[PDB]
Amino acid sequence: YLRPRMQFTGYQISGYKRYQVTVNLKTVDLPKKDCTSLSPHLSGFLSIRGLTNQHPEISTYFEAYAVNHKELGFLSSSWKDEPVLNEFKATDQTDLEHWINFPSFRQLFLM
Amino acid sequence: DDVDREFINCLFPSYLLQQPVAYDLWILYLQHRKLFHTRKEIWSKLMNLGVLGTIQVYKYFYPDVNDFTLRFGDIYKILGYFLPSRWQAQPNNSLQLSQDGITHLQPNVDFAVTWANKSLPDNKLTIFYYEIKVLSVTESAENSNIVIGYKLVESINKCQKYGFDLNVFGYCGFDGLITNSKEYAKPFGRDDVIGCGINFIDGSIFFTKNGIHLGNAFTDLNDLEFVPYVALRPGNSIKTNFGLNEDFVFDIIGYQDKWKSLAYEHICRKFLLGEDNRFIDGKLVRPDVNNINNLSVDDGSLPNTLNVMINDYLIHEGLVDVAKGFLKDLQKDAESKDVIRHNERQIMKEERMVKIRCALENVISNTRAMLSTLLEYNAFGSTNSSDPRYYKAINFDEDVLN
């Protein structure tokens, strides 16, 4: 489901309003056992359009990095200090909260 | 003989044996020479006494030359060592050190700080160098909470809290930035050999990373005493090499050879001295001049004085025929006439004295003595106290006489 030409559709709850979100992938480049390169793992176009209101469509080009537990860990402290990777880092506490919200994260860490 | 040479190369670091500090190491070895007294037998004897064994085994490389041509074709406490050799154990029991004190060092958030066994004398050596290797990391892979360097010997709680103080000249691994700074280097992580060295010629502290010279961090640090120093947060450990056990990574020998060649390039590229003219009332008085010795090759005074000394030495040793041959050769080559007449008078006087029935060695001995006197009294370079001191790079007996 992460092929180059693959489309995803859904919503997004911002504030209290709902928007329709479409994602079109462009390039998928997922690494393996060794990875010390900062080339983006995923790339695509994300478009957000109004559903409750008459908000116009805003479409953007985005890039993405996966989490492999060798170099790019769950917390933004194992991520290296680079100018391209410094926009993915917030705080270890914020990362722990936003990851503990998901049940698969918990089922991963309790096995 | 060769056995003493093999033992002294197997006991002491190799780069230290090519400096003018090697005289003290030779004296130290010869004082305790009864303990020790084709290199496989010497290495086996040194391992039986114990220089090649711990617990990690101290291996040694021995080639096979006959097979190659066939198929194809604490003792350092006993001796009196005065240079750093181990880390010092803190009395508060905040560190874990091995039996030898170099193989492992792990803290037991505040930094755990420690220094080395002994301090570095300012007026005795030319270049000092030692390495560490990070064994484990407690963040990112290439980010370690280790500060390594040198410390001025005349705040410890400040060193434990922050990592360093105003008297620490060192390299920090958590940000890749020197203590009292600047874009100098990058942080080091696991399995990284970081070396620290001090140069007493120009007086600068440099650091190396995995065999690459990273440049001079601090400058103008002469006439001072330093001690190796390390600060570690709990979680990461280092292995220290002072050069006694294993071989370095850097190639510090090439650094020393380059500086010695520079010093040699800088230095080397009437006819009777008479009595000392500055003895009045039994004391030395300073003349108000720029130099006391005004001999040069370009004026011919230095070869004339050398020829006079050579003739006097040859006559004094009972080699009158060789002196006659030298005088004949000097006649064949031709203020040289005055030298010819003086030499001829000397052979005539010697022949008269022999019929009725030195200065060179003084020059050699005084050259060695004034080199050592320059070394031990901390003389300035040329005019200022910031110029390089080239006399620290000269081993007179190993580089000139032999």
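Per the PDB record, the structure was determined using cryo-EM to 3.3 Å resolution.

**Q** I would appreciate a short explanation of the overall build of chain A in the present structure.
**A** Looking only at helices and strands, chain A features 2 helices and 4 strands. Mapped in sequence order, the helices and strands of chain A form the string β-β-β-β-α-α.

**Q** Even after reading the chapter, I still don't get the overall build of chain B, so can you show me in this structure?
**A** Per the secondary structure count, chain B includes 12 helices and 14 strands. Judged by the C-alpha coordinates and their principal axes, chain B covers about 90 × 65 × 45 Å.

**Q** What is the right way to read the sheet that holds strand 3 (residues 112-115) of chain B from this model?
**A** Strands in a sheet are paired, the pairing made by backbone hydrogen bonds, and the direction either parallel or antiparallel. The sheet built from 5 strands is open, its strands ordered 3-11-5-6-7 (chain B) with antiparallel pairing. Looking along the sheet, the strands with just one partner apiece sit at the ends: strand 3 and strand 7 (177-178) of chain B.

**Q** Whenever I open this one, the side chain of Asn-199 of chain B confuses me. Can you help?
**A** All names here are of chain B. Along the chain, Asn-199 falls in strand 8 (residues 193-199). The class for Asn-199 is buried, based on a relative accessible area of 0%. Once residues lying within four places of it in the same chain are set aside, the contact partners of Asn-199 are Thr-126, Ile-127, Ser-204, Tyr-255 and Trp-259.

**Q** What exactly am I supposed to notice about a nonpolar patch on the surface here?
**A** Taken together, the side chains of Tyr-1, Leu-2, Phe-8 and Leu-30 of chain A present a nonpolar region at the surface, about 470 Å² in accessible area. Along the chain, the position of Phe-8 of chain A falls in strand 1 (residues 7-14).

**Q** What is the right way to read the state of the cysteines from this model?
**A** All names here are of chain B. Scanning the model with the defined rule gives 0 disulfides over all chains in all. Free of any disulfide, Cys-159 has its nearest neighbouring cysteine sulfur in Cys-172, separated by 11 Å. Residue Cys-159 is classed as buried on the basis of its relative accessible area of 3%.

**Q** Honestly, the sheet that holds strand 2 (residues 17-28) of chain A in this entry has me stumped. Any pointers?
**A** All names here are of chain A. Taken in spatial order, the 4 strands of this open sheet run 1-2-3-4, and their pairing is antiparallel. Two strands in the sheet have a free side with no partner beyond their single neighbour: strand 1 and strand 4 (58-64). With strand direction ignored, the average angle separating the axes of adjacent strands in the sheet is 30 degrees. Bridge count between strand 2 and strand 3 (residues 42-50): 9 bridges; the pairing is antiparallel. Among the inter-strand pairings, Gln-20 is bridged to a residue of strand 3, identified as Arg-49.

**Q** Whenever I open this one, the packing of aromatic side chains confuses me. Can you help?
**A** A ring pair, where both rings are aromatic, is described by two values, the distance of the centres and the angle of the planes. In this structure the tally under the stated criterion is 35 aromatic pairs over all chains. Ring centres of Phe-74 of chain A and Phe-105 of chain A lie 4.9 Å apart, and the angle between their planes is 85 degrees; this geometry places the pair in the edge-to-face category. With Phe-74 of chain A in the loop between strand 4 and helix 1 (92-100) and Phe-105 of chain A in helix 2 (residues 103-110), this pair connects stretches of sequence that are 31 residues apart. A ring pair is formed by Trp-99 of chain A and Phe-102 of chain A, whose centres lie 6.1 Å apart and whose planes are at 50 degrees; its orientation type is tilted. What makes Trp-99 of chain A partly exposed here is its relative accessible area of 29%. In this structure an aromatic cluster arises from ring pairing among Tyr-15, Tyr-129, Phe-206, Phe-248, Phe-250, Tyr-255 and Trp-259 of chain B. Taking NZ or CZ as reference, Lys-124 of chain B lies 5.7 Å from the ring centre of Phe-82 of chain B, over its face.

**Q** Is there a simple way to explain the pattern of salt bridges in this structure?
**A** Any two side chains of opposite charge can pair if their charged atoms end up close together. Residue and element names in this part refer to chain B. Within the structure shown, the criterion is met by 11 salt bridges over all chains. With a closest N to O distance of 3.0 Å, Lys-124 and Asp-24 form a salt bridge. Judged by its relative accessible area of 23%, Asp-24 is partly exposed. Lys-332 is the salt-bridge partner of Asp-329, the closest N and O atoms lying 3.4 Å from each other. Here the residue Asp-329 and the residue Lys-332 both occupy positions in helix 9 (residues 320-333), the gap between them amounting to 3 residues, near one helical turn. Among the residues examined, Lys-332 registers a relative accessible area of 63% and is labelled exposed.

**Q** What exactly am I supposed to notice about unusual backbone geometry here?
**A** Residues other than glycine predominantly adopt negative phi, and peptide bonds predominantly adopt the trans conformation. One non-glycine residue, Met-111 of chain A, lies in positive phi territory at about 55 degrees. As for its position among the elements, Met-111 of chain A is in the segment after helix 2.

**Q** Would you mind going over empty space enclosed by the protein with me for this structure?
**A** In this approach a probe as big as a water molecule rolls over the atoms, and the regions it shows empty are the leftover space. All names here are of chain B. Of the volumes computed, that of the largest cavity is approximately 110 Å³. Of the residues that constitute the lining of the largest cavity, the class distribution is 5 nonpolar, 5 polar and 2 charged. Its boundaries defined by the atoms lining it, the second largest cavity holds a volume of some 50 Å³. Lining the second largest cavity are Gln-18, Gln-19, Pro-20, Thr-126, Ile-201, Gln-256, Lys-260, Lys-392 and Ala-393.

**Q** What should I look at first to understand the packing of helix 8 (residues 301-316) of chain B against helix 10 (residues 336-355) of chain B in this one?
**A** A packed helix pair is summarised by two numbers, namely the angle formed by the two axes and the spacing between the axes. All names here are of chain B. Between helix 8 and helix 10, the least distance of the axes is 10 Å, while the angle of their chain directions is 10 degrees. In terms of orientation, helix 8 lies roughly parallel with respect to helix 10. Only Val-339, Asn-343, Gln-346, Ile-347 and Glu-350 of helix 10 make contact with helix 8, whose side of the interface consists of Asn-304, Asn-307, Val-308, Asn-311, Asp-312 and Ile-315. Each residue belonging to the contact of helix 8 with helix 10 can be placed in one class, and the counts come to 4 nonpolar, 5 polar and 2 charged.

**Q** Hey, could you run me through helix 7 (residues 252-268) of chain B in this one?
**A** An α-helical segment advances 3.6 residues per turn. Residues three or four places apart therefore align on the same side. Residue and element names in this part refer to chain B. Compared with an ideal rise of 1.5 Å per residue, which puts 17 residues at 24 Å, helix 7 spans 24 Å between its outermost C-alpha atoms and is within 8% of the ideal. Those residues of helix 7 lying buried are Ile-252, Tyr-255, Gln-256, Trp-259, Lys-260 and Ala-263. Down the axis of helix 7, the buried side of the element spans an arc of 125 degrees, and every buried residue falls inside it. Relative to its buried face, helix 7 has exposed residues pointing more than 90 degrees away, namely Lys-258, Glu-265 and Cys-268.

Cut-off values and rules
- Residues numbered from 1 in each chain as written, not as in the entry; some residues may be left out.
- Chains lettered and ligands numbered in written order.
- Part of a larger assembly, values for the part shown.
- Heavy atoms only, no water.
- Residues with missing side-chain atoms left out of burial classes, pairs and counts.
- Helix = DSSP H or I, 4+ residues; strand = E, 2+ residues; numbered from the N terminus.
- Pairing = 2+ DSSP bridges.
- Buried < 20%, exposed > 50% of the residue type's maximum accessible area, 1.4 Å probe, protein only.
- Contact = heavy atoms within 4.5 Å.
- Patch = residues over 30% accessible without salt bridge, like charges linked within 9 Å, V, L, I, M, F, W, Y side chains within 5 Å.
- Areas by Shrake-Rupley, 256 points an atom, 1.4 Å probe, with all protein chains shown as cover.
- Salt bridge = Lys/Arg side-chain N within 4 Å of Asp/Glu carboxyl O.
- Disulfide = S-S within 2.5 Å.
- Axes fitted to C-alpha atoms, helices over the stretch in contact; angles between N-to-C directions.
- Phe/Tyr/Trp six-rings, centres within 6.5 Å; stacked < 30°, edge-to-face > 60°.
- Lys NZ or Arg CZ within 6 Å of the ring centre and 35° of its normal.
- 1 Å grid on protein atoms, 1.4 Å probe; cavity = no way out; pocket = protein on both sides within 12 Å on 5 of 7 lines; lining within 4 Å.
- Points joined across faces, edges and corners; volume = space filled by probe spheres on them.
- Nonpolar A, V, L, I, M, F, W, Y, C, P; charged D, E, K, R; others polar.
- Parallel < 35°, antiparallel > 145°, perpendicular 65-115°, else oblique.
- Expected span 1.5 Å × (residues − 1).
- Arc of directions from axis to C-beta.

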